[PDB]
Each structure stands twice: as structure tokens, then as C-alpha cells.
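One file, data-v3.cif, carrying mmCIF, C-alpha atoms:
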```
data_protein
loop_
_atom_site.label_atom_id
_atom_site.label_comp_id
_atom_site.auth_asym_id
_atom_site.auth_seq_id
_atom_site.Cartn_x
_atom_site.Cartn_y
_atom_site.Cartn_z
CA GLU A 918 37.20 -13.50 32.13
CA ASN A 919 37.35 -13.68 28.34
CA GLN A 920 34.74 -16.43 28.56
CA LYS A 921 32.55 -14.07 30.57
CA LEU A 922 33.00 -11.45 27.85
CA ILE A 923 32.09 -13.92 25.10
CA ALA A 924 29.07 -15.11 27.07
CA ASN A 925 27.81 -11.61 27.86
CA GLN A 926 28.19 -10.30 24.33
CA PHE A 927 26.64 -13.46 22.88
CA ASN A 928 23.68 -13.06 25.20
CA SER A 929 23.37 -9.43 24.10
CA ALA A 930 23.54 -10.43 20.44
CA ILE A 931 20.91 -13.13 20.91
CA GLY A 932 18.66 -10.65 22.68
CA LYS A 933 19.00 -8.17 19.84
CA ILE A 934 18.36 -10.90 17.28
CA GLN A 935 15.28 -11.93 19.24
CA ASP A 936 14.05 -8.36 19.00
CA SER A 937 14.82 -8.33 15.28
CA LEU A 938 12.96 -11.59 14.67
CA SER A 939 9.96 -10.33 16.63
CA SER A 940 10.00 -7.14 14.57
CA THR A 941 10.24 -9.11 11.32
CA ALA A 942 7.37 -11.33 12.46
CA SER A 943 5.18 -8.34 13.27
CA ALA A 944 6.08 -6.67 9.98
CA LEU A 945 5.30 -9.75 7.91
CA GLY A 946 2.05 -10.16 9.81
CA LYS A 947 0.94 -6.62 9.07
CA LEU A 948 2.00 -6.98 5.44
CA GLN A 949 0.02 -10.21 5.22
CA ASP A 950 -3.10 -8.64 6.68
CA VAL A 951 -2.84 -5.65 4.37
CA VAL A 952 -2.08 -7.58 1.19
CA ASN A 953 -4.92 -9.98 1.91
CA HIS A 954 -7.28 -7.08 2.58
CA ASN A 955 -6.29 -5.45 -0.69
CA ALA A 956 -6.68 -8.74 -2.52
CA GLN A 957 -10.17 -9.29 -1.16
CA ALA A 958 -10.97 -5.68 -2.02
CA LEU A 959 -9.75 -6.05 -5.59
CA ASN A 960 -11.72 -9.27 -5.94
CA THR A 961 -14.85 -7.57 -4.62
CA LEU A 962 -14.24 -4.74 -7.07
CA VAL A 963 -13.89 -7.22 -9.92
CA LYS A 964 -17.10 -9.05 -9.05
CA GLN A 965 -19.25 -6.02 -8.36
CA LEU A 966 -17.85 -4.33 -11.46
CA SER A 967 -18.89 -7.35 -13.48
CA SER A 968 -22.35 -6.95 -12.00
CA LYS A 969 -22.60 -3.23 -12.70
CA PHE A 970 -21.34 -3.67 -16.23
CA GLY A 971 -23.83 -6.42 -16.93
CA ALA A 972 -26.52 -4.08 -15.68
CA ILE A 973 -25.23 -1.36 -17.99
CA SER A 974 -25.32 -3.91 -20.79
CA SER A 975 -28.96 -4.73 -20.18
CA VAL A 976 -29.80 -1.05 -19.90
CA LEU A 977 -28.15 -0.13 -23.19
CA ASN A 978 -29.83 -3.14 -24.76
CA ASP A 979 -33.27 -1.95 -23.72
CA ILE A 980 -32.25 1.50 -24.91
CA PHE A 981 -31.45 0.23 -28.37
CA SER A 982 -34.65 -1.82 -28.34
CA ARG A 983 -36.74 1.24 -27.60
CA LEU A 984 -34.87 3.09 -30.34
CA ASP A 985 -35.62 0.37 -32.87
CA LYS A 986 -39.24 0.52 -31.73
CA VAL A 987 -39.27 4.24 -32.50
CA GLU A 988 -37.43 3.85 -35.81
CA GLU B 918 43.35 -20.25 20.81
CA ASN B 919 39.92 -21.83 20.99
CA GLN B 920 38.68 -18.53 22.41
CA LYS B 921 40.15 -16.78 19.38
CA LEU B 922 38.29 -19.23 17.15
CA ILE B 923 35.01 -18.65 18.98
CA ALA B 924 35.51 -14.89 18.84
CA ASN B 925 36.40 -14.83 15.14
CA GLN B 926 33.53 -17.06 14.06
CA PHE B 927 31.09 -15.17 16.28
CA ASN B 928 32.21 -11.90 14.72
CA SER B 929 31.74 -13.45 11.27
CA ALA B 930 28.27 -14.69 12.21
CA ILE B 931 27.27 -11.30 13.58
CA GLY B 932 28.52 -9.63 10.41
CA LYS B 933 26.49 -11.99 8.26
CA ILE B 934 23.42 -11.46 10.45
CA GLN B 935 23.92 -7.71 10.13
CA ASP B 936 23.89 -8.11 6.36
CA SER B 937 20.77 -10.27 6.61
CA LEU B 938 18.96 -7.74 8.80
CA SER B 939 19.90 -4.92 6.44
CA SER B 940 18.59 -6.97 3.53
CA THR B 941 15.35 -7.74 5.37
CA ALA B 942 14.97 -4.06 6.22
CA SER B 943 15.44 -3.02 2.60
CA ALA B 944 13.06 -5.72 1.42
CA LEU B 945 10.33 -4.75 3.86
CA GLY B 946 10.83 -1.11 2.91
CA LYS B 947 10.37 -1.81 -0.78
CA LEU B 948 7.37 -4.02 -0.05
CA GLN B 949 5.88 -1.25 2.07
CA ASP B 950 6.37 1.36 -0.64
CA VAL B 951 4.88 -0.91 -3.29
CA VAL B 952 1.90 -2.10 -1.25
CA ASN B 953 1.11 1.47 -0.24
CA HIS B 954 1.39 2.61 -3.85
CA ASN B 955 -0.96 -0.14 -4.96
CA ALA B 956 -3.36 0.69 -2.15
CA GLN B 957 -3.47 4.36 -3.08
CA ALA B 958 -3.92 3.33 -6.71
CA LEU B 959 -6.80 1.01 -5.91
CA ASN B 960 -8.41 3.72 -3.81
CA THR B 961 -8.03 6.22 -6.63
CA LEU B 962 -9.55 3.67 -8.98
CA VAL B 963 -12.47 3.16 -6.62
CA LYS B 964 -13.16 6.88 -6.28
CA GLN B 965 -12.77 7.82 -9.92
CA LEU B 966 -14.80 4.77 -10.91
CA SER B 967 -17.56 5.96 -8.62
CA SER B 968 -17.39 9.30 -10.40
CA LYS B 969 -17.46 7.83 -13.89
CA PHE B 970 -20.31 5.52 -13.02
CA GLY B 971 -22.34 8.35 -11.55
CA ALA B 972 -21.75 10.22 -14.79
CA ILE B 973 -22.92 7.20 -16.75
CA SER B 974 -25.96 7.09 -14.51
CA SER B 975 -26.86 10.69 -15.27
CA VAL B 976 -26.26 10.13 -18.96
CA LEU B 977 -28.51 7.09 -19.15
CA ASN B 978 -31.09 8.98 -17.13
CA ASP B 979 -31.16 11.83 -19.62
CA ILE B 980 -31.27 9.21 -22.36
CA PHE B 981 -34.38 7.62 -20.91
CA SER B 982 -35.87 11.07 -20.38
CA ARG B 983 -35.41 11.97 -24.02
CA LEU B 984 -36.91 8.62 -24.96
CA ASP B 985 -39.98 9.25 -22.83
CA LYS B 986 -40.22 12.67 -24.45
CA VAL B 987 -40.28 10.99 -27.86
CA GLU B 988 -42.70 8.27 -26.78
CA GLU D 918 34.02 -27.42 29.35
CA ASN D 919 32.66 -23.88 29.37
CA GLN D 920 34.10 -23.51 25.87
CA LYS D 921 32.18 -26.62 24.85
CA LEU D 922 29.02 -25.05 26.28
CA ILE D 923 29.62 -21.78 24.42
CA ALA D 924 30.34 -23.67 21.20
CA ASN D 925 27.28 -25.92 21.46
CA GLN D 926 24.87 -23.12 22.29
CA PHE D 927 26.35 -20.90 19.58
CA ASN D 928 25.90 -23.69 17.06
CA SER D 929 22.31 -24.10 18.23
CA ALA D 930 21.69 -20.36 17.93
CA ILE D 931 23.18 -20.24 14.45
CA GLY D 932 21.03 -23.19 13.41
CA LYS D 933 17.91 -21.47 14.68
CA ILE D 934 18.90 -18.23 12.96
CA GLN D 935 19.46 -20.17 9.75
CA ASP D 936 15.93 -21.52 10.06
CA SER D 937 14.64 -18.00 10.73
CA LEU D 938 16.44 -16.56 7.71
CA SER D 939 15.12 -19.34 5.49
CA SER D 940 11.61 -18.65 6.78
CA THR D 941 12.00 -14.92 6.17
CA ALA D 942 13.29 -15.63 2.67
CA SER D 943 10.33 -17.88 1.87
CA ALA D 944 7.91 -15.35 3.32
CA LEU D 945 9.33 -12.45 1.35
CA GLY D 946 9.29 -14.61 -1.77
CA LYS D 947 5.62 -15.45 -1.38
CA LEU D 948 4.81 -11.83 -0.59
CA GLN D 949 6.70 -10.77 -3.71
CA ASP D 950 4.87 -13.24 -5.92
CA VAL D 951 1.50 -12.21 -4.51
CA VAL D 952 2.07 -8.45 -4.63
CA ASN D 953 3.35 -8.72 -8.19
CA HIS D 954 0.35 -10.84 -9.16
CA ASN D 955 -2.01 -8.30 -7.65
CA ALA D 956 -0.15 -5.47 -9.35
CA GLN D 957 -0.40 -7.12 -12.75
CA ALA D 958 -4.05 -7.82 -12.05
CA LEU D 959 -4.78 -4.23 -11.12
CA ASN D 960 -2.95 -3.05 -14.23
CA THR D 961 -4.96 -5.44 -16.38
CA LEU D 962 -8.11 -4.16 -14.72
CA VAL D 963 -7.09 -0.58 -15.44
CA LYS D 964 -6.37 -1.26 -19.10
CA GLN D 965 -9.39 -3.40 -19.84
CA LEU D 966 -11.58 -0.97 -17.92
CA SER D 967 -10.27 1.82 -20.12
CA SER D 968 -11.24 -0.29 -23.11
CA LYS D 969 -14.73 -1.09 -21.85
CA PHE D 970 -15.37 2.51 -20.92
CA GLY D 971 -14.25 3.73 -24.31
CA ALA D 972 -16.67 1.24 -25.81
CA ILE D 973 -19.43 2.56 -23.57
CA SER D 974 -18.49 6.04 -24.71
CA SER D 975 -18.87 5.14 -28.37
CA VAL D 976 -22.14 3.37 -27.65
CA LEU D 977 -23.66 6.31 -25.82
CA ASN D 978 -22.41 8.57 -28.59
CA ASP D 979 -24.21 6.56 -31.24
CA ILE D 980 -27.22 6.53 -28.94
CA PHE D 981 -27.30 10.30 -28.76
CA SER D 982 -26.74 10.48 -32.51
CA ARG D 983 -29.74 8.28 -33.19
CA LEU D 984 -31.74 10.41 -30.76
CA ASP D 985 -30.79 13.60 -32.58
CA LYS D 986 -31.75 11.87 -35.82
CA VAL D 987 -35.19 11.17 -34.36
CA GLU D 988 -35.57 14.65 -32.87
CA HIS I 1159 -45.77 6.54 -16.72
CA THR I 1160 -42.20 7.67 -17.31
CA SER I 1161 -39.32 5.31 -16.67
CA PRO I 1162 -37.82 5.20 -13.17
CA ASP I 1163 -34.25 5.96 -12.22
CA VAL I 1164 -31.81 3.29 -13.38
CA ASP I 1165 -30.08 1.50 -10.51
CA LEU I 1166 -26.78 0.72 -12.22
CA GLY I 1167 -26.04 -1.88 -9.55
CA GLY I 1168 -23.86 -2.30 -6.52
CA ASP I 1169 -22.49 0.61 -4.52
CA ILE I 1170 -18.78 0.34 -5.25
CA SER I 1171 -18.02 2.91 -2.56
CA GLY I 1172 -17.97 0.19 0.09
CA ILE I 1173 -14.73 -1.10 -1.40
CA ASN I 1174 -11.60 0.29 0.24
CA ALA I 1175 -7.93 -0.59 0.55
CA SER I 1176 -5.96 -0.43 3.77
CA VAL I 1177 -2.46 1.00 4.07
CA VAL I 1178 0.32 -0.89 5.82
CA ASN I 1179 2.53 1.04 8.25
CA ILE I 1180 5.53 -1.08 9.22
CA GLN I 1181 7.99 1.78 9.51
CA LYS I 1182 8.37 1.03 13.21
CA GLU I 1183 9.56 -2.49 12.42
CA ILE I 1184 11.83 -1.44 9.56
CA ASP I 1185 13.41 1.25 11.72
CA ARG I 1186 13.86 -1.30 14.50
CA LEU I 1187 15.58 -3.68 12.10
CA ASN I 1188 17.99 -0.97 10.98
CA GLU I 1189 18.60 0.08 14.59
CA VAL I 1190 19.47 -3.53 15.45
CA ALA I 1191 21.68 -3.87 12.38
CA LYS I 1192 23.55 -0.83 13.68
CA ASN I 1193 23.58 -1.90 17.33
CA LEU I 1194 25.00 -5.36 16.66
CA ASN I 1195 28.35 -3.60 16.32
CA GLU I 1196 28.12 -3.05 20.07
CA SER I 1197 28.08 -6.84 20.47
CA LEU I 1198 31.15 -7.84 18.46
CA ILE I 1199 33.71 -9.60 20.65
CA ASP I 1200 37.17 -8.02 20.92
CA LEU I 1201 39.39 -10.16 23.15
CA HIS M 1159 -27.77 21.91 -32.44
CA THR M 1160 -26.82 18.27 -31.99
CA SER M 1161 -25.61 17.00 -28.65
CA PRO M 1162 -21.88 17.20 -27.87
CA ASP M 1163 -19.59 14.31 -27.07
CA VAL M 1164 -20.25 12.81 -23.65
CA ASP M 1165 -17.31 13.19 -21.27
CA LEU M 1166 -17.83 10.03 -19.21
CA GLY M 1167 -15.57 11.47 -16.51
CA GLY M 1168 -12.09 11.02 -15.18
CA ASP M 1169 -9.24 9.59 -17.24
CA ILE M 1170 -8.62 6.30 -15.46
CA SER M 1171 -5.42 5.79 -17.46
CA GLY M 1172 -3.47 7.83 -14.92
CA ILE M 1173 -3.89 5.00 -12.42
CA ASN M 1174 -1.01 2.53 -12.37
CA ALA M 1175 0.44 -0.09 -10.05
CA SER M 1176 4.13 -0.50 -9.33
CA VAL M 1177 5.93 -3.83 -9.18
CA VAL M 1178 8.20 -4.75 -6.28
CA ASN M 1179 11.56 -6.34 -7.09
CA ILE M 1180 13.16 -7.66 -3.92
CA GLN M 1181 14.82 -10.67 -5.50
CA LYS M 1182 18.21 -9.22 -4.60
CA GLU M 1183 17.29 -9.21 -0.92
CA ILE M 1184 15.68 -12.65 -0.97
CA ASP M 1185 18.71 -14.10 -2.73
CA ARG M 1186 20.96 -12.41 -0.19
CA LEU M 1187 18.96 -13.93 2.66
CA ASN M 1188 19.29 -17.40 1.17
CA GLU M 1189 23.00 -16.85 0.52
CA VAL M 1190 23.45 -15.88 4.17
CA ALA M 1191 21.39 -18.83 5.36
CA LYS M 1192 23.79 -21.01 3.38
CA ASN M 1193 26.96 -19.17 4.42
CA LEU M 1194 26.23 -19.33 8.14
CA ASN M 1195 27.46 -22.92 7.93
CA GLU M 1196 30.90 -21.43 7.38
CA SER M 1197 30.58 -19.81 10.82
CA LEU M 1198 29.67 -22.81 12.97
CA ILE M 1199 32.28 -23.41 15.66
CA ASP M 1200 34.06 -26.78 15.66
CA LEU M 1201 36.53 -26.94 18.56
CA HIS V 1159 -32.92 -5.21 -39.18
CA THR V 1160 -32.82 -4.46 -35.46
CA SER V 1161 -29.55 -3.64 -33.77
CA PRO V 1162 -27.45 -6.52 -32.39
CA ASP V 1163 -26.41 -7.03 -28.80
CA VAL V 1164 -23.78 -4.55 -27.66
CA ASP V 1165 -20.47 -6.19 -26.76
CA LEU V 1166 -19.34 -3.75 -24.07
CA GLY V 1167 -15.79 -5.08 -24.41
CA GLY V 1168 -13.40 -7.29 -22.54
CA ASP V 1169 -14.51 -9.95 -20.09
CA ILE V 1170 -13.24 -8.53 -16.81
CA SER V 1171 -14.00 -11.81 -15.05
CA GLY V 1172 -10.62 -13.19 -16.06
CA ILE V 1173 -8.98 -10.77 -13.63
CA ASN V 1174 -8.34 -12.23 -10.19
CA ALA V 1175 -6.15 -11.53 -7.17
CA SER V 1176 -4.23 -14.17 -5.27
CA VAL V 1177 -4.03 -14.36 -1.49
CA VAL V 1178 -0.72 -14.75 0.32
CA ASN V 1179 -0.53 -17.29 3.15
CA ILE V 1180 2.72 -16.85 5.06
CA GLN V 1181 1.34 -17.75 8.47
CA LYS V 1182 3.64 -20.76 8.56
CA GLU V 1183 6.68 -18.52 8.22
CA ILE V 1184 5.44 -15.90 10.68
CA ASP V 1185 4.66 -18.60 13.24
CA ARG V 1186 8.11 -20.09 12.67
CA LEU V 1187 9.72 -16.71 13.25
CA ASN V 1188 7.85 -16.28 16.53
CA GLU V 1189 8.69 -19.85 17.56
CA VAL V 1190 12.37 -19.12 16.92
CA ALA V 1191 12.19 -15.81 18.76
CA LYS V 1192 10.87 -17.80 21.71
CA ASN V 1193 13.28 -20.72 21.36
CA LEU V 1194 16.41 -18.56 21.25
CA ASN V 1195 16.01 -18.32 25.03
CA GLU V 1196 17.02 -21.98 25.09
CA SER V 1197 20.34 -20.93 23.53
CA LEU V 1198 21.44 -18.18 25.91
CA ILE V 1199 24.75 -19.05 27.58
CA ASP V 1200 24.79 -19.28 31.38
CA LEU V 1201 28.31 -20.12 32.58
#
```

Could you render the structure as C-alpha cells?
Amino acid sequence: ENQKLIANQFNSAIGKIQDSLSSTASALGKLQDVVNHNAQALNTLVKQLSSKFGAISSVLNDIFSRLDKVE
Amino acid sequence: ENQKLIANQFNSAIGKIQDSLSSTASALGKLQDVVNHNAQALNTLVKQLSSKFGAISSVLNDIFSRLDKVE
Amino acid sequence: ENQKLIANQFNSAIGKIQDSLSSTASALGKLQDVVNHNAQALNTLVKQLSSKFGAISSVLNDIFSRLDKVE
Amino acid sequence: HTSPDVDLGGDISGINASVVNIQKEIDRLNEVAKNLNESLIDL
Amino acid sequence: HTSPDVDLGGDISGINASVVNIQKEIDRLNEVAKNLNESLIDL
Amino acid sequence: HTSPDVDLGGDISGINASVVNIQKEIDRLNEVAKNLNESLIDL
């Protein structure tokens, strides 16, 4: 009878730990997807910012060139 | 006696696994708070960058307009 | 004999839960390293962006000053 | 002719950052950490 | 009159990114993964 | 003399964001959640 109690409560504990491991797996999966998304987004921001700032550089350069042409 | 050993060590194991699940819960909670903070921050950066760059656009536009007025 | 079965399967379950806790520890460690890297990167981006935009501010200011000098 | 509008470059509005919602899983972990007391053996 | 100072827009200094410190929890998980060997049954 | 090239400031290309790959650990967690059924006691 005590063996039946140990077996039943061990089966219950293993079921609950299975649920906990499935929950931890799902949570780490969502965290992975989100952190990777944000990383790709920050990398895209870095690259396209580099592009836009280079464009701004060229624009200001032509600005200063026109100014020198005037003066 | 062997049943008492099994019961005691199973109780110890379940206590340690309770501590581990509480630690995993706290860790995932902190990771969630931090990743969400960083996501909101990156979104704020994106929006306010869009604003500042639009402003720069208007400014350079007026610049070029004044230049054309001169030349 | 049933006690030997309970003991063997409990040892197997504790071994598998040890593997699962080691995997969760490694996963949270990698997530921590990556989220902290991305946070430092976003902070660096914020600071150096502030710098570049201040520079752009000064440049446009001198631009407008030269313009006023012309006109 | 006058100068055209300056196209400063890419449209940074396309960038966006998702938001992770794992409160279900964290709450489940805490619920299990509390329910494992219903599985302790008491001979 | 001369042109005023250009206000390029928002003050991006307000943006900031936190840093997660879960080394306590990771160390606790490894400590438990090592201490579960003190709970293996040996009849 | 003409004006020099404007150095807009820092070289933002040095910034970069890593990518976390914990699919090994997530797959191991699911494999263990499936293998714990081989450890349930059936007297």
C-alpha cells in the first residue's frame, strides 16, 4: 500500500515536471524567436542607418560645395 | 526502512526541483521584463529617429531652396 | 523487487531532470549573454547616434550661418 | 531647374521589434512549483 | 533677422536599454543539477 | 580654400547584435519531456 502511494505520487510529480519542462521549452522558444527578431531588427537599423547617414553626408557635402561656389 | 529512504530522498528531490522551478520562473520573468523593455526602447528609437530624420529632410529641403534662391 | 523498480526509475527520472536543468541553465546563460550584448549594442547606438546628430546639428547651423552671411 | 526633393535614403519605418509574452509559461511554472507540495510523500 | 537654431527633433537621450542579471538563477540551477546527486536512491 | 569633407561623427558600423541559438537546449527539453514517460512507475 505504501508502495502504491509512492508510485502514485511519483507519477503525479513526473507528470507535473513534464508540464513544467514543456512550459520552459515553450518559453525559451518564444524568447529565442523574439530576441532573434529584435537582433535582426537592430542589425537592419544599423545598416540602413549607415546608408541614410552616408546619404546625409553626400548631401551636406554638395551643400558645402554649392556654398563655396557662391562664395 | 527502504521505503522511508525512498520517501525521504524523493521529498528532497521534489524540494530541490521546486527550488529549480522557482529559479527558472524568476529568470524567465526577468528576461521577459528586460526583453520587453529593450523592445519598447528600440521601437521608441525607431519612431523618434523617423521624426528626427523627417525634420532633417525638411531642413535640407529649405537649405536647397534658399540655395536655389541665391543661384 | 518493486522497491528496486521504484528506485531504478526514480534514479532514471532524476538523471533526466538533471540533464533538463543543465540544459535550462545553458539556455538561460546564452540568452543572458545575447540579451546583454544587444542591450550594450543598443546603448552604444543611442550614444553614438546622439553624437552624430549633434554633429549634424552643428553642421546645419554653420550652413544656415553661411547662408545668412550670403543673404 | 530647381533642385528636387532629397531622398535621404531607406524608409526606417519598416523596422519593428516584437514583444515576447511568456507570462502563461511563467505562471504555469509557479503554479507547478506550488502544486508539487501536493506530491510530497508522507508515509 | 538671422535664422534661429535648428531643433532637429526629439531628444534621443531618453532612450535606454536595461541589462538582465539572472546569474543568481543560473547558478542556482547548476547548483541544483549538481545537488540532485545527493538525492539518488541507493538501496 | 574650399571646405573639407564633413566628418559626421562616429562610425556606427562597429555596432552589431548577436543572435542566440538555443535550439539544442529547447530540443533537449522537449526530448526529456517526452522521455520522462519511460520513467513512470507501473507496479

Practice problem: Run the PyMOL selection byres ((chain B and resi 969-973) around 9) on the file and write out the hits as a PyMOL selection string. | Solution: (chain A and resi 973) or (chain B and resi 964-968+974-978) or (chain D and resi 973) or (chain I and resi 1166) or (chain M and resi 1165-1168)

Practice problem: Give the answer as one residue: which of A:980, A:963, A:987, A:923 has the shortest atom-to-atom distance to residue V:1169, using all atoms listed in the file? | Solution: A:963

Practice problem: Grab the atom CA of residue B:935 to atom CA of residue V:1201 distance for me, in Å with one decimal place. | Solution: 26.0 Å

Post-fit chain A coords, all in-order Cα pairs vs chain D, as a compact mmCIF listing (two decimals) with C-alpha atoms, keeping the file's coordinate frame:
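So superposed.txt came out as:
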```txt
# COMPACT_ATOMS: atom_id res chain seq x y z
CA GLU A 918 34.02 -27.42 29.35
CA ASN A 919 32.66 -23.88 29.37
CA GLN A 920 34.11 -23.52 25.88
CA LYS A 921 32.17 -26.62 24.85
CA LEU A 922 29.02 -25.04 26.28
CA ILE A 923 29.62 -21.78 24.42
CA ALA A 924 30.34 -23.66 21.20
CA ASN A 925 27.28 -25.91 21.46
CA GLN A 926 24.87 -23.12 22.29
CA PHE A 927 26.35 -20.90 19.58
CA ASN A 928 25.90 -23.68 17.06
CA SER A 929 22.30 -24.10 18.23
CA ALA A 930 21.68 -20.36 17.93
CA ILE A 931 23.18 -20.25 14.44
CA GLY A 932 21.03 -23.18 13.41
CA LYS A 933 17.91 -21.47 14.68
CA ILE A 934 18.90 -18.23 12.96
CA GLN A 935 19.46 -20.18 9.75
CA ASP A 936 15.93 -21.51 10.06
CA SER A 937 14.64 -18.00 10.73
CA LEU A 938 16.44 -16.56 7.70
CA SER A 939 15.12 -19.34 5.49
CA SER A 940 11.61 -18.66 6.78
CA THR A 941 12.00 -14.92 6.17
CA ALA A 942 13.29 -15.63 2.66
CA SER A 943 10.33 -17.88 1.87
CA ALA A 944 7.90 -15.35 3.32
CA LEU A 945 9.34 -12.45 1.34
CA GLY A 946 9.29 -14.61 -1.77
CA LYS A 947 5.63 -15.45 -1.37
CA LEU A 948 4.81 -11.83 -0.60
CA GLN A 949 6.70 -10.77 -3.71
CA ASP A 950 4.86 -13.24 -5.92
CA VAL A 951 1.50 -12.21 -4.50
CA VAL A 952 2.07 -8.46 -4.63
CA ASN A 953 3.35 -8.72 -8.18
CA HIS A 954 0.35 -10.84 -9.17
CA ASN A 955 -2.01 -8.29 -7.65
CA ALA A 956 -0.16 -5.47 -9.35
CA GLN A 957 -0.39 -7.12 -12.75
CA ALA A 958 -4.05 -7.83 -12.04
CA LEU A 959 -4.78 -4.23 -11.12
CA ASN A 960 -2.95 -3.05 -14.23
CA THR A 961 -4.95 -5.44 -16.39
CA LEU A 962 -8.11 -4.17 -14.72
CA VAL A 963 -7.09 -0.58 -15.44
CA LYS A 964 -6.37 -1.26 -19.10
CA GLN A 965 -9.39 -3.40 -19.84
CA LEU A 966 -11.58 -0.97 -17.92
CA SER A 967 -10.27 1.82 -20.12
CA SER A 968 -11.24 -0.29 -23.10
CA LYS A 969 -14.73 -1.09 -21.84
CA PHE A 970 -15.37 2.51 -20.91
CA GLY A 971 -14.26 3.73 -24.31
CA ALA A 972 -16.67 1.24 -25.81
CA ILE A 973 -19.43 2.55 -23.57
CA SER A 974 -18.49 6.04 -24.71
CA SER A 975 -18.87 5.15 -28.37
CA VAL A 976 -22.13 3.37 -27.65
CA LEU A 977 -23.67 6.31 -25.82
CA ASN A 978 -22.41 8.57 -28.58
CA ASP A 979 -24.21 6.56 -31.24
CA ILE A 980 -27.22 6.53 -28.93
CA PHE A 981 -27.30 10.30 -28.76
CA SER A 982 -26.73 10.47 -32.51
CA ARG A 983 -29.74 8.28 -33.18
CA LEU A 984 -31.74 10.42 -30.76
CA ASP A 985 -30.79 13.60 -32.58
CA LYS A 986 -31.75 11.87 -35.82
CA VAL A 987 -35.19 11.17 -34.36
CA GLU A 988 -35.57 14.66 -32.87
```

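Pairwise distance (atom CA of residue M:1190, atom CA of residue D:937) equals 11.2 Å.
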
Practice problem: Translate the PyMOL selection byres ((chain I) within 8 of (chain A)), as applied to the file shown, into an explicit residue set as a PyMOL selection string. | Solution: chain I and resi 1166-1168+1170+1173-1180+1183-1184+1186-1187+1190+1194+1197-1199+1201

Least-squares fit on all C-alpha atoms, paired in order: put chain M onto chain I and return it as a PDB file with C-alpha atoms, in the coordinates of the input.
```pdb
ATOM      1  CA  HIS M1159     -45.773   6.545 -16.721  1.00  0.00           C
ATOM      2  CA  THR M1160     -42.202   7.666 -17.311  1.00  0.00           C
ATOM      3  CA  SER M1161     -39.321   5.317 -16.670  1.00  0.00           C
ATOM      4  CA  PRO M1162     -37.817   5.195 -13.165  1.00  0.00           C
ATOM      5  CA  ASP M1163     -34.244   5.956 -12.221  1.00  0.00           C
ATOM      6  CA  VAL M1164     -31.813   3.287 -13.384  1.00  0.00           C
ATOM      7  CA  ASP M1165     -30.083   1.501 -10.508  1.00  0.00           C
ATOM      8  CA  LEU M1166     -26.777   0.717 -12.229  1.00  0.00           C
ATOM      9  CA  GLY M1167     -26.046  -1.878  -9.545  1.00  0.00           C
ATOM     10  CA  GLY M1168     -23.862  -2.302  -6.523  1.00  0.00           C
ATOM     11  CA  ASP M1169     -22.490   0.615  -4.516  1.00  0.00           C
ATOM     12  CA  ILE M1170     -18.781   0.337  -5.249  1.00  0.00           C
ATOM     13  CA  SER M1171     -18.027   2.916  -2.552  1.00  0.00           C
ATOM     14  CA  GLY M1172     -17.975   0.187   0.088  1.00  0.00           C
ATOM     15  CA  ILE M1173     -14.727  -1.103  -1.403  1.00  0.00           C
ATOM     16  CA  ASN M1174     -11.602   0.288   0.240  1.00  0.00           C
ATOM     17  CA  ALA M1175      -7.929  -0.585   0.544  1.00  0.00           C
ATOM     18  CA  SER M1176      -5.955  -0.432   3.766  1.00  0.00           C
ATOM     19  CA  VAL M1177      -2.460   0.998   4.076  1.00  0.00           C
ATOM     20  CA  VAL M1178       0.329  -0.893   5.822  1.00  0.00           C
ATOM     21  CA  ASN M1179       2.536   1.036   8.247  1.00  0.00           C
ATOM     22  CA  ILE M1180       5.530  -1.071   9.223  1.00  0.00           C
ATOM     23  CA  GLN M1181       7.990   1.789   9.510  1.00  0.00           C
ATOM     24  CA  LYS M1182       8.376   1.029  13.209  1.00  0.00           C
ATOM     25  CA  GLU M1183       9.559  -2.487  12.419  1.00  0.00           C
ATOM     26  CA  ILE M1184      11.831  -1.440   9.560  1.00  0.00           C
ATOM     27  CA  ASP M1185      13.408   1.243  11.727  1.00  0.00           C
ATOM     28  CA  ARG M1186      13.861  -1.302  14.500  1.00  0.00           C
ATOM     29  CA  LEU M1187      15.589  -3.682  12.096  1.00  0.00           C
ATOM     30  CA  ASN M1188      17.990  -0.968  10.982  1.00  0.00           C
ATOM     31  CA  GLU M1189      18.601   0.077  14.591  1.00  0.00           C
ATOM     32  CA  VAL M1190      19.465  -3.528  15.441  1.00  0.00           C
ATOM     33  CA  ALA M1191      21.678  -3.873  12.384  1.00  0.00           C
ATOM     34  CA  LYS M1192      23.547  -0.829  13.677  1.00  0.00           C
ATOM     35  CA  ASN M1193      23.585  -1.901  17.333  1.00  0.00           C
ATOM     36  CA  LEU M1194      24.996  -5.356  16.650  1.00  0.00           C
ATOM     37  CA  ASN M1195      28.353  -3.602  16.328  1.00  0.00           C
ATOM     38  CA  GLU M1196      28.123  -3.049  20.070  1.00  0.00           C
ATOM     39  CA  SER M1197      28.079  -6.843  20.474  1.00  0.00           C
ATOM     40  CA  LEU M1198      31.147  -7.838  18.462  1.00  0.00           C
ATOM     41  CA  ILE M1199      33.705  -9.598  20.645  1.00  0.00           C
ATOM     42  CA  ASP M1200      37.163  -8.020  20.919  1.00  0.00           C
ATOM     43  CA  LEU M1201      39.390 -10.161  23.153  1.00  0.00           C
TER      44      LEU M1201
END
```

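Here atom CA of residue A:982 is placed at a distance of 11.2 Å from atom CA of residue V:1164.
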
Practice problem: Run the PyMOL selection byres ((chain D and resi 988) around 10) against the file shown and list the residues it catches, as an NGL selection string. | Solution: (:B and (983 or 986-987)) or (:D and (982-987)) or (:M and (1160))
